[PDB]
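Residue numbers (my numbering): 102 to 304. Reading through the structure tokens given below for one structure.
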RNA sequence: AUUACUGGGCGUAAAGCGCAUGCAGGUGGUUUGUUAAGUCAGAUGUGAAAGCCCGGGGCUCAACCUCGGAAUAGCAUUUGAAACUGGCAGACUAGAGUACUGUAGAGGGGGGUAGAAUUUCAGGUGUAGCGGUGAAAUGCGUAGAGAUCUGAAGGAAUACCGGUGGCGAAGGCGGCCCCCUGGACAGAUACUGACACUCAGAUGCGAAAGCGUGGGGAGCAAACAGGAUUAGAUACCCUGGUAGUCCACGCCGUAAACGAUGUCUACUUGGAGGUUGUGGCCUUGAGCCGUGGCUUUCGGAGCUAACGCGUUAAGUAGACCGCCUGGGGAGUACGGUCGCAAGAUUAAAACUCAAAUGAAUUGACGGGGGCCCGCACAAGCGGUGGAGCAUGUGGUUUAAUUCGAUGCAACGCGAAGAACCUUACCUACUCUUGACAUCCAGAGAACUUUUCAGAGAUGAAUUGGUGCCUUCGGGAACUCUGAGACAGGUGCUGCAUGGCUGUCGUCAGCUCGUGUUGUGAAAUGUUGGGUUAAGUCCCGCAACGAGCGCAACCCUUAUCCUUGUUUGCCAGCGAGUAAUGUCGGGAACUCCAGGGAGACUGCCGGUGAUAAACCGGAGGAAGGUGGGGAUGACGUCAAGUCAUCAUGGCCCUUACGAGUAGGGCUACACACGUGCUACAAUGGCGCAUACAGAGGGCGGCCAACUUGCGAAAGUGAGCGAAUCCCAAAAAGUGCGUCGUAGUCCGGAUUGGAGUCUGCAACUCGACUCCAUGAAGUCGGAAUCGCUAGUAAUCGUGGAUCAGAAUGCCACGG
């Protein structure tokens, strides 16, 4: 039914997670490289609060940026060396703190995901996130947990929204992220939206 | 508190007799006295003991035993009290009734009569219909209907008045007149003196239908007949039509006999009416103000589950009566009574169910109402359905024709491209720690030829190479084998899921907080008056705010400006070429691309509530959202997808895993969906000649040249691209020809000869050439798309891709 919030706003208010020019030949290889890098970094930085891996390719190299809540947990030499291997090009790795990590849709969902994997009440997890966000100064937030909720034999979808989340407004700075809590009943999806205020003036 | 004495009910949940009269009974105004039956107080007798209860006492405690008391709510006798009820004897006039005089009235019974109309009949005129319905038919009519005139005879009912008017106990009562007669009401004075209220049983009255007897019978009409409608039509509709309907006298005794509301009495805010008396005023002028009866409506308190009732109570009380006690069975059976009968009345049980039910709420729905929108219909235009092909689906066939998608919203869909591969299927050959992965141990660098067997997978033989990193038994890494953990599964479940998607529909909705209202579900906001594409906006308003949707923000397209100018441009420039923007040169212009400008109902006029907004105008490239795109609220369909992927569970693990070869998915008696090309002259055919946009391109796009009829092949540039290439626009225009037909339409099919891609085109590719020249002569019912640069038509490019586009995405004319 609904367009991806990051998708529609690419170019308008939402930057790209990959910035490199390639001509068709390279383009598809560069893309597969990036996937391997992301799949690796994500798989290693599971307990490092990872949101967003931005992959530049400055000439014949690969700069990564692990935006993280935990620059401490990030080791970096090994990552740098590992990326450099997969990409097959002299890799850099930069780190960026996610300063307010409970106003980050990716982490917020990852949190709720963890909590639901530890067997927490879905309403409890959902609701705490909403409050933390709206306290830290979210202009709004929605969270929709979908699946077999409390291991129900029928899957349903509950969602809580506080503040505005004006998805049809393109100048709106909405952060979206799907997470998945993998549990004994099945997969449980955690969509999270976080409206951080309309950006007048464009990108 | 579910038999309600304590302590329930009866408008709609079960429950007010249809209405009344009335005996027994119940109850009964005021007052004096008396009596003391009820009542009250006390005494005496009695009310066995045990038990119960309260104090003790005894068993180790307790049960148990036991002492004393209390209790035995009563009854008898007796003595008091005399408020209240009763009795008895008086008294009283407020209740109830009487007399008098008026008043209104479809009150009842009897008799008469009038006018309108219908039907029949008779005669006159007249001539082909009439009648009926959705349409029609039955029917009626030429033997004269229907229509029209006149008359006659009958029966029934009384237009207007006419009324939420009137009268009556209720049922009910309607022209006018008379006769007999009941009740109500008012005024006035006098009277009687509680004579009252209610009523089991009883008695009487009691709509319509029905029943008996005798009449009557116009109209209407159960039944019935015929005609239609329909699948049927024992109906609705039409044409007829009998009992009945009417009268007399009986019978019946029932109705949603309803206000679903017993009768009587008293008390308790109002507003507006109707009707019928009466008094006063000045009738100083139809009136106004009092005072009664009856009646209608709206509402307050109160009441009520609510709806509502609300001085005509469903309020507050009293007297008495009737009646209820879960739903079905059943108001039935049996018995009694009543009836001519029909049947009424009284009135169970077994059994069975866990509900049945009232009111109200939110939705959904309605062949309910109102108001609106969409190419929804209409108006048009071009299609499909018919032909041949292409493509998909079903069916069938097959060893296999993998699997999925199935109304809209599956069927040129997943598949943006099945010869092999793909591939999931089939047949056959092959392997089980495995094709793929981690771990562990040991061995071998990896690799490289070249060779035999085999359909191939693989297996055994054959040579070269044997490097890195150094702890140097070491690093790696790759190859191979062994170990068991494990691997693997396009196996199942989309009804366990995530993610993704279709759909309503880009429809204008969907909601929340707080406040308010309600016992509550909930409502309000969000409704209403306008308005808008829009829950758009404006006013109103117990709502006030807010959120998701709407709109805007984004891309593109219209016009302009500014910056820049090559690979694009060429106005003015000079010089060329067979022509060339060719080339010096130009930065103008087209254009390209970055930044800006512009449209807001901003402006004017009119309209409307001065609102919102609406109608029109100016300017302007653009006008009211300029055009197009993107953007899809909350949800609906356990909608689609476990076969993209992911995933709970399940299942398979020498096989449901894995490798290979050949088949298959392309089969075809056929049906359907979507397409393409046709049927021709607004055309075909040949020749001549013109104007695009967009896009793609390196194992790619391929210029030029030569060769070939051609596909192409040689062969050879350029171009990773505003440079080079794909590349030609085609419809158009100009001039011939066909001569309107199966053709100078159409192109299927088939024979034959080839090119190209690929290891390989048999199954099963595209393309070329030669020949062959099928169906088809505009397509039933039905059905689809489209409101403007749209439809229609014309070509052009792209993804997927070795090859393979009538599909799809896109571009212009």
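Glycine residues also receive a C-beta, built at the ideal position from the N, C-alpha and C atoms.
The residues 222 and 223, in chain order, have a CB closer than 8 Å to that of residue 251 in the same chain once the five nearest residues on each side in sequence are set aside.
With a contact defined as Cβ atoms closer than 8 Å, residue 289 and residue 217 qualify at about 6 Å. Take the alpha-carbon of residue 192 and the one of residue 125: they are about 22 Å apart. The three-state reading of DSSP puts residue 213 in helix, counting H, G and I together. Residue burial is scored here from C-beta neighbours: residue 105 has fewer than 16 other C-beta atoms within 10 angstroms and is therefore classed as exposed. Beta-bridge partners of residue 241 (DSSP): 264 and 296. Per DSSP, reduced to three states, the secondary structure at residue 157 is strand. By the criterion of a C-beta distance shorter than 6 Å, residue 123 is surrounded in its chain by 131, once the five residues flanking it on both sides are discounted.
Inter-residue distance for residue 281 and residue 257 is about 15 Å (C-alpha atoms, whole angstroms). The Cβ atoms of residue 196 and residue 175 lie closer than 8 Å to each other.
A direct Cα-Cα distance of roughly 19 Å separates residue 145 from residue 118. Between the C-alpha atoms of residue 163 and residue 116 there is a straight-line separation of about 18 Å. Taking a cut-off of 8 Å for Cβ pairs, the region 238 to 248 and the region 167 to 180 do not touch, as fewer than three such pairs fall below it. In the three-state reduction of the DSSP assignment, residue 220 falls in the coil class. In terms of Cβ geometry, residue 172 and residue 203 do not form a close pair [threshold 8 Å]. In this model, residue 254 and residue 285 are separated by some 12 Å (Cα to Cα). Residues of the same chain with a CB within less than 8 Å of the CB of residue 210, apart from the 5 flanking positions on each side, are 244, 278, 279, 280, 291, 292 and 293 in chain order.
Relative to the Cα of residue 158, the nearest Cα in the group 143, 127 and 213 belongs to 127. For residue 102, the closest alpha carbon among the candidates 303, 261 and 268 is that of 268. Closest in alpha carbon position to residue 200, among 151, 141 and 213, is 151.
Here the region 296 to 304 makes no contact with the region 226 to 236; the two share fewer than three CB pairs at distances below 8 Å.
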